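Below sits a lone chain in structure tokens, taken as the form deposited in one PDB entry.
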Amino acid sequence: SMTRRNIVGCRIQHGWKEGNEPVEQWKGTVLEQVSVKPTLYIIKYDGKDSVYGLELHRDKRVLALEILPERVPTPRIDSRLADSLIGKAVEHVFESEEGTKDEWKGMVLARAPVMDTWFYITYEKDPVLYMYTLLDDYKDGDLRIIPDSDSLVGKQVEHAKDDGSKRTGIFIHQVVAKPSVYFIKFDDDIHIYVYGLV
């Protein structure tokens, strides 16, 4: 039979219809096909720095999915300087009114697949997976490295909610630099949760 191109590593476009809200147009890059759940894909969408998980060929909210006739950009960064951030605890500084501090404590986890100049990062105030070109903020002083403060992948898990109901989730990735940290995808949420952070 004819073999179609793998959607991983491509630029994609699709409409998004969530219930009765107006239809939106989403554009992004497919970073990974989850080995332990091949229907699930990991995507970085333009303008959204929280990474998403979607069963792109099954989910009824995804409309007219297509591969764009574009190449995924391939910029370069200094390899040694990028690896110096991996596994480190950081303070990420954000713009705010003068005489007011807006900083978030977090941890740099890995260089992302496909978009290797972007980095996976998690925070204490928001435990979902984020992605950003952190070396831009590190060189400008807006990211500070702070002193020093066998895998569940594939295993299913259940969560007992406040109301009378349960939800299933699956461990999808083990962070190589910090093997006690994992990524979980629950079937009722598009965000990727970060588990095992202190």
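From 1 onward, residues are counted along the sequence shown.
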When you step from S149 to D150 in this entry, do you jump over none, 1 to 3, 4 to 9, or 10 or more residues of the deposited sequence that have no coordinates?
10 or more
Please compare 91-99 with 120-128 and name the stretch with the higher mean C-alpha B-factor in the deposited structure.
91-99
Do the CA atoms of 157-165 or those of 139-147 have the higher mean B-factor in the entry?
157-165
Quick one: which of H14, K178, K185, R11 shows the highest Cα temperature factor in the PDB entry?
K178
Should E70 be placed in the lowest, middle or highest third of its chain by the C-alpha B factor in the entry?
highest
Could you look up the Cα B-factor of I86 in the entry and say which third of the chain it sits in: lowest, middle or highest?
middle
Based on the deposited C-alpha B factors for this chain, I'd like to know if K105 is in the lowest, middle or highest third.
middle
Where does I192 sit by CA temperature factor within its chain: lowest, middle or highest third?
lowest
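One more form of this protein exists, namely the form deposited with a partner chain bound; it is left out here, but the text below deals with it.
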From the list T39, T168, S35, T133, which entry has a heavy atom within 4.5 Å of its partner chain in the deposited bound form?
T133
Find the only residue in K27, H159, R144, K48 having a heavy atom within 4.5 Å of its partner chain in the deposited bound form.
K48
Is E55 close to its partner chain in the deposited bound form, meaning a heavy atom pair under 4.5 Å apart or at it?
no
With the partner left out here, check for me: in the deposited bound form, does some heavy atom of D137 sit within 4.5 Å of its partner chain?
yes
Is the gap between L81 and its partner chain in the deposited bound form 4.5 Å or less for some heavy atom pair?
no
Taking any heavy atom pair closer than or equal to 4.5 Å as contact, tell me whether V72 reaches its partner chain in the deposited bound form.
no
